[PDB]
Structures are given as structure tokens and as C-alpha cells.
Amino acid sequence: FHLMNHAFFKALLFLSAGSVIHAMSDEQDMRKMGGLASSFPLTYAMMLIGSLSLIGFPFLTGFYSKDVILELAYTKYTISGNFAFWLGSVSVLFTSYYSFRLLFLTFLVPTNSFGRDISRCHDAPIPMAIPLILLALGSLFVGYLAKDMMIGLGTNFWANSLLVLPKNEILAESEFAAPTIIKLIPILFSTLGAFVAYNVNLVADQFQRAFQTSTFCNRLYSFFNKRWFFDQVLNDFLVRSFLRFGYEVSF
Amino acid sequence: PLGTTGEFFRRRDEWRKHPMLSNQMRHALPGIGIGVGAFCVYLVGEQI
Amino acid sequence: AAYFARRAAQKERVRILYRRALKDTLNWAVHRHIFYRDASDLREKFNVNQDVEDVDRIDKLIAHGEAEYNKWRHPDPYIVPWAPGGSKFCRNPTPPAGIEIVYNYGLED
Amino acid sequence: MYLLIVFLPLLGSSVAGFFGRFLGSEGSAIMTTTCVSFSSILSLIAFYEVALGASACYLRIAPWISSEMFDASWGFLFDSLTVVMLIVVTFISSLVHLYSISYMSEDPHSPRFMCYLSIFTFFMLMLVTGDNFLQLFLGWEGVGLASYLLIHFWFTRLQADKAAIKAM
Amino acid sequence: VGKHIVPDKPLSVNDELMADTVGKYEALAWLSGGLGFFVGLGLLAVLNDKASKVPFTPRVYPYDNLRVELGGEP
Amino acid sequence: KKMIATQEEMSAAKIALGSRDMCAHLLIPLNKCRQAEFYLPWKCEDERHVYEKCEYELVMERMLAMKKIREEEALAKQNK
Amino acid sequence: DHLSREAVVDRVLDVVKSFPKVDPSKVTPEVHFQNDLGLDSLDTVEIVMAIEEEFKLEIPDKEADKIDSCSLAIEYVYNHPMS
Amino acid sequence: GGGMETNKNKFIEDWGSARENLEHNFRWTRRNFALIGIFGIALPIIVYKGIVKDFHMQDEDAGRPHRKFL
Amino acid sequence: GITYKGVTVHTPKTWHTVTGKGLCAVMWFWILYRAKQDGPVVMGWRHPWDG
Amino acid sequence: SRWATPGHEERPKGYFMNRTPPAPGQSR
Amino acid sequence: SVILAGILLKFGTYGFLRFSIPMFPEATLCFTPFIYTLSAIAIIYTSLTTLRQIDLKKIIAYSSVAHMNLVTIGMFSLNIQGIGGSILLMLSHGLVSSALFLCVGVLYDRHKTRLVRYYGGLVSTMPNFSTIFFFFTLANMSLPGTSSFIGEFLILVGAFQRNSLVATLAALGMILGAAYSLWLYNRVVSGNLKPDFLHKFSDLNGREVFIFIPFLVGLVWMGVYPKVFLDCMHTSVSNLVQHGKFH
Amino acid sequence: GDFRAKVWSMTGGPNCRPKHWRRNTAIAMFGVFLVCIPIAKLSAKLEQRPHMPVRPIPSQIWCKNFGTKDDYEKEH
Ligand SMILES: CCCCCCCCCCCC(=O)SCCNC(=O)CCNC(=O)[C@H](O)C(C)(C)COP(=O)(O)O
């Protein structure tokens, strides 16, 4: 159910990104954008719908599946279930941050861009805008329309396609035996992420100075920017080891 | 923009005060008034 | 002379390091207004050391400058897309000149 | 009708790839979009008959690898999970074909792009519709291939070539 | 693209095959710490023992917990 | 709460094994309404509301059974 | 389309006129930043960086340090087909 | 200007010939002795015993004695 | 469009502005509509079968 | 205009298997 | 090269199937860990050497060694899938490696060099050769749908039913064989041309295209419908496996 | 560019604009539709639907394999 829902707003987010990029002469760095909401109203509108649905804003397509997963993880009374609930919940704060961070930098902050790009802007042609509007309708209504079909309690829609053994069934307990606060954590977490994004990208002005003077804070910035140095470690230790073996040892 | 370095770049950024390039936060929530207005008309309609 | 060339070569090192440190300042600031304050501050250091005439203490300031730039450099600098390293670099490039196409190759005769 | 779902994108890709010199940018764009969109409509009909109508479809074309008990087959399975994935794949692909029609208009090599788009779609359909592990493996590898071909679609760019090899 | 560099210096070995600011073993230590966060979090999940504070009794299904319906002896 | 839907009725209704619980007798009308109405959410609200209430009743019953058991774990500790 | 030398000439001069130590006059397409105008070399690289942002170009650091007159800044942008 | 044959590069060809003639460079050093011992002798013996052990663990899973191998 | 000192901004196409405002307005209304229909349910105030 | 104005390639670029066509009226 | 790799290489594996395996069943069982070890080492080690080769013909030659040692794992698995897969891979290799030696020869007859560094960018001047070269590149990676995947997977099936460790080491060639085949294809075909080395180009002529046709048809025909071959083999394969046992 | 006009390719190379691309596109349409006809006939012949749908469905018009695999203890 989250898969089909995801296929709607994520596709709307990539296709909307492409329209901004095509409009801005193949610019892709968000630090050279901003002040584009009024220049591209159609694109921003589709990006808002997709983003708000991705972050799980109530009653959109993403809300009817993201929240049920986080509810079911709380209901799983196992070590791995507890592991998932903690990590899935904190990520909601993190996804709300970068979702709004994108929007603010790209379309709402005072322009950070080059003049020659701004004076050559244009918005989506018809064959590009038609899929965006169809995906907006999907990223707003598909989730509500398909819930009872897909994860309605006791539904027979899947027939014999999926199997859940009786001992593993938790949907009823996840919807009734849960404290009301648990179902409100994602919206409370999403709101915090939007507010934090507004502050870092619209107010703070000496924040970056922490990294330009502190060694630990500078490595920390590069740690999360370079993806936990995963590619590096795997290149310096794994790919290079096998490449060197095929010459120095086997050959 | 106090020092000559800062004063230069603000002087060159003087086109960034474009009317429809600045104050973009008032466009943040398009269709907010119309959606509320329609909700108002619907809410009155449901009373009868 | 030689002191001219040696000092002039030292001039180039400073001017480029200012150019690179000034652009990397915009990478860390993003916003224009934050860049004005940070650019003014970076200029003032190059001015604090501009009085030094000991050619040797200059070579030492320059080397300390490069170390500072290489240490506090932005891990994701901005690149114009068509420039080297950019997102559009080497995309649909123009054909090279001097390419010839041979017809009727490898005939039995 | 169920075979037309899987094999229409293959037909669309075949025409654009082998005969793109006769259709050009505009002809190949229409050809691959029409076949994928027709397959999208049949997929909506298949969702109505299998999921809404509760009537699964089983289709077996021929054996693939028959060695003693090994019985890999060219066979298709259409149940409720299948027609959900058919809808997702065919609908999104049809839109992306329409989107690419104007997004790649200024590209010199649009017909090869549209051909690669449709061959990816065909392999993904072969992945979700297979009734055995080996047909799923064929779809699994095929979408690995089509992704490689599309990541380095700008073959002159070295980072794309580095990325496509890493993906594969 | 523009002009491919034709070598003018004797080519060395490991040229067919030839991550800037952070060292090799320092990156391994930072990634190791990041993975050590998941390890400590997982241990904290064991120490929590959520399985011991379940607020309902295990579901019981009729007909001997659906023994026949699950493939057991009829 | 006693079992109503016999084994044959559940099998003929093709109910998922995980939903063959005490409230199965109400699921059968619900799923027949759901298929006939193309599973739209503004349909079958009546059969859906009845069946959900039964399932809510079941989970509360097991929650209260543990509420008890938890009050005897401490009894053993308070007398140990 | 390409940009005419006149269009370049107007724009690059406009870039140096904004410099605070530079008064609006005595700026002809030929003047040298450090001589006639009497600026420091650090002042020149900021002008080169403003000329960079004006035409959205990425001049290599080597070629950037050679540009020391408005005549050198004009001929570079004109040659560049991505200005 | 003339012909389809490649314009030979002296540096690239030298790299090519030095690759083909590597056996003239073998010296029997400490590093080579460790490399040949580890990957020419020790590793194949480890793989051999792993394969035999895999068979033997099957034998005691079937209630059978350990099958003899050369 | 409008020119302000070198940099010119072109006004967006009218139907682009109309559709953008309209689609989000449709979105805002659908949110207010839903929150009033099953808002107390997700808050835990009442239950669907209450009545 | 890309859909209403026909193309410009009177004949395709290149030759199939890089063989020059025979003289008009002649067979390969 | 076509004769050497496509036919002469098959004589050792044919001799294992015709003489050693059926005539000495007891010794064959005793030497099965020994054959498994040698083949596994050859697959892993020679695949990594292939990665570091710089001559076009050397990459193709070294690939042949790894493919032939996977054949020996299959025939010494001593079951229908292993021996059936081993014969199919033998036949597939004689078509795929032969076609690959034909692609390199196409390049060599024109430009007279085998060094990968000189080539590159060839898709812009020889698209027909590039497409044919890519297809046999995929067949060399044992892509499903090609003739080589049928023999490869059947051998892994037969090896898994005997020893799961040797089947695991043999399955590592899926990763390694992909790495050197795509790296070879990209360095020759992809990228930009280098006019200082090569500036005059000719795509395939009528004789070269026709030469490649039966290789494409054969590779596809076995890859999608290996039944026409397996049917004619299973009776001989079955009796080879049963030779020396009476239960 | 310049030399690519002398290079033959199946997909047409860069900026392929065949003059008669519309009649070739329509001829290509017909070929696919003619190819689809045997495919559809074979599909209809091969489909197996062991379950009667809850409501009439378009595949009951051409497919005659509905409710056939009831006898499963006879399949070989
Ligand atoms: C990411 C960034 C991190 C931080 C990097 C910043 C680097 C540190 C800043 C300080 C660098 C130094 O000390 S570098 C030392 C700078 N000082 C000197 O070279 C001594 C005398 N030089 C001269 O003759 C001129 O004043 C000259 C300065 C060349 C200009 O010429 P103009 O008068 O014609 O502009």
C-alpha cells in the first residue's frame, strides 16, 4: 500500500524537479535558486502537493500508509519492532526537515541565482504539465480511495496473494490498543522539522561559522554530506583490494 | 556589507530587489483563501 | 631581476588563494546577505598580513593560507554545470574535427 | 489480452530501436508512447477483472529450462498483487513517456532514449508477472540492464559511465 | 572531448585505473562509529525488553487455534 | 463472546486465516458488501462499523485479561 | 544567440562602476584596474568574481589572475560562448 | 592524414611491452614469498579442506561415515 | 514581462497560474473537509461506530 | 512545428553496411 | 583464435565426459574435492587477472579460462543439471567467445592495435559494430535470455545439490564476469573519440554483418528455447550419470 | 555534426528528421496492430481462469477457460 502511494508523490517530485531544472537552464544546485514561486506557480504547486504528501501531512496519500507503518511498528512487541519504531519515528523529523528545506531554498528564499538564468525562465509545456497534474490528483486522493481496498480490516482484496499467519496479525491491536499520543507523533515530528528548516534557512546567520572554525563540527558536516564515508571505505578497502589482487598477486 | 568587499557585492545584487523575485513567502500557500472560502460556503450549506 | 620574479610569483599565490577562499565563502554562506558579512571578514585577514615585507615570513603565511583553505574547504563546492566537474559537463559535446568515414572497406577484390 | 499487456512495450521498443531512422524523433516518440499507453489501459481492465472481479489469470507459453525436476517456464501469473504492480508500472511509464516527449525534445538522440524507456518497461512487466523464480530472475536482470543503459545514456560523460557501472 | 591528453611521460603501472578531504582510516573510524550507533541502539532495545510489557494477551483463535485450517491433522 | 461462523462458512467465504476470529460472522456480510461496491470507502459504512466494533471489543477483552495478569506479577513481588 | 561586443562592453563596465573606490567616470573599455583607477590587486579579483557572476562563467584560476584590465575582462567574456 | 592504422604512441607502447614481459622481472623477494605462500599454497588448501568438510558434515547428517577423498 | 535593471522576468502563462492556485485550493478544501469528518476519530475523541 | 512541418532528410545519413549505392539504373 | 577457443578448448572437457568420468567412477568421486578446489581457484583468480589486462584479445582469452573451469564444476557434479549444463555452456562458449574474437578482429584488421587505451568513442563512428559488440558482451556476462545463462545456472543448480560451498564460490563469477565485460565494452565503445590515435573509421561491411548473423541467432535460440538441445541429450546424460551404479 | 551525417545507424543518429516520417509512423502503427492480432488470439487461447468473476468481465467474450481446473486431482 505504501509502494503504490509512494509511486505517485515521488514521481511527482522528480518530474517537478526536472521542470525547475529545465526552466533554470539545467541548474541543479539549490544554493543558486530561490525566489521561484511566483516565476513558476504550476511547478511549485505540484512540488507542495508531492512534498506535503511525502511527509505524511494528514489526509493526503502519504498519510494513510506511512502512519500505519509507524503504528504497526509500535505494536510489534519485539526487539526488532522496538528498533524499527525508534528509528522510523526519528526519521519522520528528518524527512520533514529536508522536504521543507528543499522548498524554502528553491522557491521561497530571496533569490540566490544568476540573472541570465532568471531572464530565460519558462514553465512546463503541455506534455510535461499534464503528467504533473494527473500525479497531483493521485498524490492527494489515491491514499484515501484505496485504503479500505488495500489495508481495510479483514479485507479480502488480496485473496491468496499475500499471507499473514494468525500469530503475526497485529492490525486490529495497532488501531485500537494504541495510546492516542502515538498516532500524533509523526505530525508533531513533522511540524518540528518544518519549523527547524525555516529557522536554519531563513534566520540563523552565524550557524555555518561553527563548521568554519571547529574541527569536530567540520568533520561532522562532511560525515553527513559524504554519506557516512560509505563509498570511500568500500572503495579504499574493498574495490581497491580486489583490483590490486588481480595484478600484484594472481598475475 | 560594511567593508569594501561587502559593499561591492550588495551593490551588484541590487537587481535582486525585483518586484516578483522578492517577498516570495506571500506566495507560499497558494489557493489558501479560495479553499477556505469554499469551505465556508460548504459549511453554511450544510446547516440547511 | 630575480627578487621581482620571486616576489611577483608570491603575488600570484596570494591573489589565487583569495580568489579560491572568496568563492568557498559563498559555498558555506549560500545566502547573499550572509556572504557580504563573511566576504568582508575574509578580506580583512589578507589586509592584516599585507604589511609583511620579510619575503620569508610571506612564504610562511602563504603556506599557512593554503593549509587553512585545504582544511576548511567546503566538501560540496558549487560548479557551473557546463564547467569541468559540473552536471552538464561533456553532455552532447560537439563532434571533433578531423574524423573521416571510409566506404567500401574490405571488398573481396 | 494478458499477453498484449507484457509484449506491447517490447513492440514499441522494437520499432523505435530497429526502425528509428524512418520515424525520427517525432515518430519514435508517438510509437513508444502509444504502445505503452495501450498497455496501460489494458492494465486498468486487468485490475478490474482480477482484483475487483476476483478472477486470477494463469498463462503458460512454453517451457524455458526443463532439466529433470528443473522446470523454469515462460509462464505468467496475474493475481491481486500482480495487477497492483501492473497499474503502478504501466501508468507511471505512460506518463514518463509523455513527459519525456517534450523533456528530451532538444536532445540529439531522443529515439534511442524512448526505445530504452520501453525496453525497461517490458522487463519490469516480465518481473511482476512471472509465475516462477527464473522468469522473475530474467526480469530482475533485464531491469538491471535497462537501468545501466539509461544511466549512461549520455555516453560521453565520464561520471555517467562510472555511475552506470557502479549500479550494475 | 576538447583535446585528449596524449602521454609525454613513461606510463607507470596501475594506469588503466587512474574522498579528498578525509583520510582513509579516519573515514573508517567515522563510519565505524556511525555503525556503532546502530549497535548501541539495538542493545538499548534489548535492555528495554518491550516484549515483557505487552498490554494484551496473545490472540487465541477458535477451533484449536485453527489447527486444521493451517495444514494440521484433520 | 462465542464462535458463530462455522468452519464451512469461513472456508466458503474465503476469509484470510488471520481474520477467522470471533468476529468472522460479521466479516462475511462486510466483504460481500465490499466486493459488490468496488471497495469504495463511502460504501458499506454500516457493515464496516458493526464489524470494527466487534474487533474493538475483542482487543479490549485481551487487554483487560493482561491488565489482570499484570496485577498478579506485582502481588508475587510484594509477597517475595 | 551570441552576445554582441557592445552588449559585453556595457555590462563589464557596469560591473566595475559599482566598485566603491571607483567613481562613475574615468571608466573606458581600455582602463587598467590597478593603474588609472588606482586599486589593489585584491580589489581586481573581486571585480573578476563579479564579472564571473554577471555572465555566469567559471574562469580557471590561472586565467582569472591574468585579467587585470577592463580590456582583458571584455575580450575574455566575448570569446566565451557560454556568457 | 593517411591510413586507418593507429598513430602509435611510444609511451603507451612501452607500457604495453613492459606488461607482456613481466616474467623477466620476478626476483623472489620477501613480499613475493609471502604472496606466493598465502595465495599459491595456503588459500587453496583452505578451500580444499572447506570443501571436504562440507562433504563430511553432510555424511554425519545422513548417519554415514566420513567419505574418503584421494 | 517586466524589466528591472538588466534582469527581465517574464510573467507566467495565465492557465499555469490558474491551475496552480486551483489545485492547491482543491487540496486545502479536501483537507478541511476530511478533518471535520474523521478528525475526532484520529484524535480519539469518538469512535466510528458511536451513534 | 515539429509535428506539422515534414523533416529535411531526403535520404538517410550514411549507407547501410557502408557500401556506396550503384549507378542510377544499375544493380549491385 | 576462433578455432582454438571454440573447438580445441572443448577437447579436455570432452575427454573428461567420454573417458575419465564413466570409465573410473570410484576415482572420480575421490577426486571431486580436488577438481572443485582447482576450478574454484581458477574462476576467482583468472577473473581478477582479466580485470587487470590491457590488451583486447587478452581480456577475451582470460575470460575463456574462467568459463571452462565452471564447466568442470558442472560435469563433476555428476547429475542431470550439472552435466547437462556443462555441455550447454561448452556449446555456448564456442559461439560467444568465437563471436567476441570476431569483434576484436574487426577492430584489429582496420586499426592494427589491441591496446584498449587507443580505442574509445567508437559508438559515434561504428554504431552497428557497437550494438553487435554489446550483445555478445551481455552473452559473455551470462545475461538471462542468452545461451550462456542456461548452461551457467544449470551448473550452479547441479553444484548446489552436491556441495553448497563450491556452488557459492562458482557463483562469484557472476559479479567478476560482469565487471570485466562491461569495463571492456565501455572503454572501447563509450566515451569520446581520440583523433590523435584514430581518425579514419569504417563500420561493418556486408561480409562482417552476415558473419555475425548465425551467432546472434544461435545465442538467442539456445537462450530462450534450450529444449531442442536438452531433449536430444538427456538420455545419454542420464546413462553417463548412472554409469557404475546399480541403484 | 559533420561526420555523423556519413554514419548509418538503426535508430537514425542525431537529430533524425525523416521527411516522410508521418507515413512511416502510420505504416509502423499498422505493423504493430497486425502483429498484435495473432498475439491476442494466442493469449485468449492460453489464459486459464479457475474462478468465475463476481460480475461479467470483458474476457468472458473471447476466453472459454472459466471454471475448468476444478478437477485438480486429475492434472498431469
Ligand atoms: C576556506 C577558507 C579558509 C581560510 C583561508 C584564508 C587564508 C588566510 C588569509 C591570510 C593569508 C595570508 O596570510 S597570505 C599573506 C598575504 N600577505 C603578503 O603576501 C605580504 C605582502 N604582500 C603584498 O605585497 C600584497 O599586499 C598582497 C597581499 C600580495 C596583495 O597585493 P595588493 O596590495 O596589490 O592587493
# chains A, B, ... in the order shown; residues from 1 in each chain; ligands from 1
$ residues_around --residues "region 40-54 of chain K" --least-positions-apart "5" --cutoff "9 Å" --atoms "only C-alpha atoms" --output "short mmCIF file (atom, residue, chain, number, x, y, z; two decimals) with C-alpha atoms, in the first residue's frame"
data_model
loop_
_atom_site.label_atom_id
_atom_site.label_comp_id
_atom_site.auth_asym_id
_atom_site.auth_seq_id
_atom_site.Cartn_x
_atom_site.Cartn_y
_atom_site.Cartn_z
CA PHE A 242 40.38 -6.77 -5.43
CA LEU A 243 41.79 -4.55 -8.18
CA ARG A 244 45.28 -4.75 -6.68
CA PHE A 245 44.96 -8.52 -6.24
CA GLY A 246 44.31 -9.14 -9.93
CA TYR A 247 47.64 -7.57 -10.85
CA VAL A 249 49.07 -11.47 -6.92
CA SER A 250 47.16 -13.50 -9.49
CA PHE A 251 49.03 -12.04 -12.48
CA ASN E 14 48.06 0.83 -12.33
CA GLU E 16 44.38 1.64 -16.59
CA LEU E 17 42.50 2.51 -13.37
CA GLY H 16 52.23 -2.38 -23.39
CA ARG H 19 53.26 -5.72 -19.32
CA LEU H 43 44.44 -20.37 0.36
CA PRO H 44 43.90 -23.39 -1.97
CA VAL H 47 39.38 -24.07 0.12
CA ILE K 35 38.52 -30.77 -9.01
CA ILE K 59 40.69 -9.99 -21.80
CA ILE K 60 38.69 -12.38 -24.09
CA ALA K 61 41.33 -15.18 -23.79
CA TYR K 62 41.44 -14.96 -19.95
CA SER K 63 37.59 -14.95 -19.77
CA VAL K 65 39.67 -19.95 -18.73
CA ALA K 66 37.05 -18.98 -16.08
CA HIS K 67 34.17 -20.21 -18.28
CA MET K 68 35.86 -23.57 -18.87
CA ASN K 69 36.55 -24.17 -15.17
CA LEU K 70 32.89 -23.57 -14.41
CA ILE K 73 32.43 -27.98 -11.76
CA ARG K 114 44.94 -4.47 -29.48
CA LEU K 115 45.60 -1.93 -26.71
CA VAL K 116 42.39 -0.68 -25.08
CA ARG K 117 43.89 2.76 -24.43
CA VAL K 166 31.69 -24.78 -4.35
CA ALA K 167 28.42 -23.53 -5.85
CA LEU K 169 32.44 -19.73 -4.95
CA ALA K 170 31.44 -20.54 -8.53
CA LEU K 172 31.12 -15.31 -7.62
CA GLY K 173 31.88 -15.26 -11.34
CA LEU K 176 33.51 -10.75 -11.52
CA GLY K 177 32.49 -11.65 -15.08
CA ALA K 179 32.95 -6.33 -14.04
CA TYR K 180 35.47 -7.06 -16.78
CA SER K 181 32.94 -7.43 -19.62
CA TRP K 183 34.62 -2.33 -18.34
CA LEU K 184 35.93 -3.70 -21.65
#
$ select_by_dssp --residues "chain I" --states "strand (DSSP E or B)" --output "number ranges by chain"
I: 2-4, 7-9
$ residues_around --residues "region 39-55 of chain F" --least-positions-apart "6" --cutoff "7 Å" --atoms "only C-alpha atoms" --output "PDB file with C-alpha atoms, in the first residue's frame"
ATOM      1  CA  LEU A 145      -9.623   5.931  -2.005  1.00  0.00           C
ATOM      2  CA  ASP A 148     -10.200   0.037   2.696  1.00  0.00           C
ATOM      3  CA  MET A 149      -9.392  -1.834  -0.501  1.00  0.00           C
ATOM      4  CA  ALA A 172      -6.502  -4.603  14.984  1.00  0.00           C
TER       5      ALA A 172
ATOM      6  CA  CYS F  23     -15.986 -11.603  14.625  1.00  0.00           C
ATOM      7  CA  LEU F  26     -19.818 -10.113  10.659  1.00  0.00           C
ATOM      8  CA  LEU F  27     -16.872 -10.062   8.232  1.00  0.00           C
ATOM      9  CA  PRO F  29     -21.502  -9.522   5.154  1.00  0.00           C
ATOM     10  CA  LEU F  30     -18.802  -6.841   5.104  1.00  0.00           C
ATOM     11  CA  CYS F  33     -20.651  -5.556   0.502  1.00  0.00           C
TER      12      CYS F  33
ATOM     13  CA  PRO I  48     -16.699   5.372  14.068  1.00  0.00           C
ATOM     14  CA  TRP I  49     -19.476   3.149  15.465  1.00  0.00           C
TER      15      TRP I  49
END
$ residues_around --residues "region 32-40 of chain G" --least-positions-apart "5" --cutoff "7 Å" --atoms "only C-alpha atoms" --output "PyMOL selection string"
chain G and resi 22+68-70
$ write_last_selection --atoms "C-alpha atoms" --output "PDB file, in the first residue's frame"
ATOM      1  CA  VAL G  22      35.692  53.518  -8.351  1.00  0.00           C
ATOM      2  CA  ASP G  68      43.977  42.982 -14.780  1.00  0.00           C
ATOM      3  CA  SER G  69      42.366  45.470 -17.241  1.00  0.00           C
ATOM      4  CA  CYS G  70      38.744  46.038 -18.415  1.00  0.00           C
TER       5      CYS G  70
END
$ residues_around --residues "region 87-103 of chain A" --least-positions-apart "6" --cutoff "7 Å" --atoms "only C-alpha atoms" --output "VMD selection string"
chain A and resid 51 55 70 186 189 to 190 192 to 194 196 to 197
$ write_last_selection --atoms "C-alpha atoms" --output "PDB file, in the first residue's frame"
ATOM      1  CA  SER A  51       6.145  17.166  -0.549  1.00  0.00           C
ATOM      2  CA  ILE A  55       5.986  13.923   4.689  1.00  0.00           C
ATOM      3  CA  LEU A  70       4.764   3.588  12.301  1.00  0.00           C
ATOM      4  CA  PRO A 186       4.502  11.922  13.157  1.00  0.00           C
ATOM      5  CA  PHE A 189       7.577  15.397  14.471  1.00  0.00           C
ATOM      6  CA  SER A 190       6.809  16.770  11.007  1.00  0.00           C
ATOM      7  CA  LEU A 192       9.136  20.365  14.317  1.00  0.00           C
ATOM      8  CA  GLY A 193      11.066  19.606  11.132  1.00  0.00           C
ATOM      9  CA  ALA A 194       9.279  22.319   9.163  1.00  0.00           C
ATOM     10  CA  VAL A 196      13.593  23.862  12.218  1.00  0.00           C
ATOM     11  CA  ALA A 197      14.029  24.141   8.445  1.00  0.00           C
TER      12      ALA A 197
END
$ select_by_dssp --residues "chain C" --states "alpha helix (DSSP H)" --output "count of residues only"
61
$ decode --residues "region 8-27 of chain J" --atoms "N, CA and C atoms" --output "tab-separated table (two decimals), in the first residue's frame"
chain	number	residue	atom	x	y	z
J	8	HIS	N	13.71	17.11	-43.01
J	8	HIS	CA	14.61	17.56	-44.07
J	8	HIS	C	15.47	16.44	-44.66
J	9	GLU	N	15.56	15.29	-44.01
J	9	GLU	CA	16.39	14.22	-44.55
J	9	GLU	C	15.75	13.60	-45.78
J	10	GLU	N	16.10	14.10	-46.97
J	10	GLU	CA	15.61	13.49	-48.20
J	10	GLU	C	16.05	12.04	-48.28
J	11	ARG	N	17.28	11.76	-47.89
J	11	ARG	CA	17.80	10.41	-47.79
J	11	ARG	C	18.51	10.23	-46.45
J	12	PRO	N	18.48	9.02	-45.90
J	12	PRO	CA	19.09	8.80	-44.58
J	12	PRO	C	20.59	9.04	-44.59
J	13	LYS	N	21.10	9.41	-43.42
J	13	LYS	CA	22.52	9.66	-43.25
J	13	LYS	C	23.30	8.34	-43.27
J	14	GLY	N	24.40	8.33	-44.01
J	14	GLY	CA	25.21	7.14	-44.15
J	14	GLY	C	24.64	6.16	-45.15
J	15	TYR	N	25.34	5.03	-45.28
J	15	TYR	CA	24.91	3.96	-46.16
J	15	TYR	C	24.93	2.65	-45.40
J	16	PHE	N	23.93	1.81	-45.68
J	16	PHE	CA	23.79	0.54	-44.99
J	16	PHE	C	24.94	-0.38	-45.32
J	17	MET	N	25.70	-0.76	-44.29
J	17	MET	CA	26.92	-1.56	-44.44
J	17	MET	C	28.01	-0.80	-45.20
J	18	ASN	N	27.91	0.53	-45.21
J	18	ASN	CA	28.94	1.42	-45.76
J	18	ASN	C	29.31	1.09	-47.20
J	19	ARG	N	28.34	0.71	-48.01
J	19	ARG	CA	28.57	0.49	-49.43
J	19	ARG	C	27.91	1.62	-50.21
J	20	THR	N	28.70	2.28	-51.05
J	20	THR	CA	28.15	3.31	-51.92
J	20	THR	C	27.10	2.69	-52.84
J	21	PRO	N	25.99	3.37	-53.07
J	21	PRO	CA	24.97	2.84	-53.96
J	21	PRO	C	25.48	2.74	-55.38
J	22	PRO	N	24.94	1.82	-56.18
J	22	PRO	CA	25.38	1.70	-57.57
J	22	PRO	C	24.85	2.85	-58.42
J	23	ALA	N	25.33	2.90	-59.66
J	23	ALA	CA	24.93	3.96	-60.56
J	23	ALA	C	23.43	3.89	-60.82
J	24	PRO	N	22.77	5.04	-60.98
J	24	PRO	CA	21.32	5.03	-61.20
J	24	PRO	C	20.93	4.11	-62.35
J	25	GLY	N	19.93	3.27	-62.11
J	25	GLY	CA	19.52	2.26	-63.05
J	25	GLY	C	20.30	0.96	-62.97
J	26	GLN	N	21.39	0.93	-62.21
J	26	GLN	CA	22.22	-0.25	-62.09
J	26	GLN	C	21.89	-1.03	-60.81
J	27	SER	N	22.30	-2.29	-60.80
J	27	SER	CA	22.09	-3.18	-59.67
J	27	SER	C	23.45	-3.52	-59.07
